[PDB]
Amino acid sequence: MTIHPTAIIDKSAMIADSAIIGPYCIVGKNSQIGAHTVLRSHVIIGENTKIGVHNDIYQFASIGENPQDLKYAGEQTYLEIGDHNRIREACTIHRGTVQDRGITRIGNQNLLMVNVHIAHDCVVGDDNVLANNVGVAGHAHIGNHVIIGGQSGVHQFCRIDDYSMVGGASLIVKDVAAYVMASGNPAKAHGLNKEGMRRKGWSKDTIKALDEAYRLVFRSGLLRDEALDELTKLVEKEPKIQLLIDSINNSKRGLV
């Protein structure tokens, strides 16, 4: 049998066939587990939690527990997890709070290493790699193809847009734009994820153009509006710059 006898599952929970739940796991009220998802021993699945297919959740992970927000008064809130995610030991992912859409969602193909905290109301994209002891405060946004170094802390409401890379033991207080390389305490910005898209094999003209865009935004002393207005003609010469402009328009806490 794919479900271990010592596992406690609520009747209202739905588990698809071929899904493997190991010993001493707990599944809560109104939760769903997709096909081919493997829960090793000692995994907690909280109430109102949807989990996709081909997920790998290791021991001592709390998936879908109540938020830590002081104002949360036990309302109905939810957590959604996509497909093909590796969630390592001691990971804690909490459901949303009704004050902000009441949901926490994470995408696909993510790697969450040991003791990765995902607080209430967070939004995480796809192809992300969160290293050991990474703590992400509530309402944060993780884009796609993002890497965050070990023992790093993301402050509440902060945006981490696509293809960025946060160094280890970094303190993110402001919004990290796309393709940006940030590190330190307090974290500073020093260059672009050049070697990342080089190791992904992207055209060198695109890398030089994006580099000029970074120079424009950060290393040329312009305000937000003036930089944005400088990005006007480069978009059609190189389309990827769009993702950077979004970073400026979605930035409510400032920039690095």
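We number the residues from 1 along the sequence you see.
Visitor: Averaging only over Cα atoms, indicate whether 42-50 or 225-233 has the higher B-factor in the PDB entry.
Guide: Comparing averages over the C-alpha atoms only gives 225-233.
Visitor: Looking at the entry, does 187-195 or 58-66 show the higher mean C-alpha B-factor?
Guide: In the deposited entry, the stretch with the higher C-alpha B-factor mean is 187-195.
Visitor: Highest CA temperature factor in the entry: which of 21, 16, 245, 13?
Guide: That would be 245, according to the entry.
Visitor: Going by the recorded CA B-factors, say which third of the chain residue 133 sits in, lowest, middle or highest.
Guide: Its C-alpha B-factor, which the entry lists for residue 133, ranks in the lowest third among residues of this chain.
Visitor: Taking the entry's C-alpha B-factors for this chain, is residue 100 in the lowest, middle or highest third?
Guide: Highest third - that is where residue 100 ends up once the chain's C-alpha B-factors are sorted.
Visitor: C-alpha B factor of residue 217, ranked within the chain: lowest, middle or highest third?
Guide: Tercile = highest for this residue's CA B-factor.
Visitor: Hey, what third does residue 75 fall into on Cα B-factor, ranked over its chain?
Guide: Highest third.
Visitor: Please say which third, lowest, middle or highest, residue 33 falls into when its CA temperature factor is compared across its chain.
Guide: Residue 33: CA B-factor falls in the lowest third of its chain.
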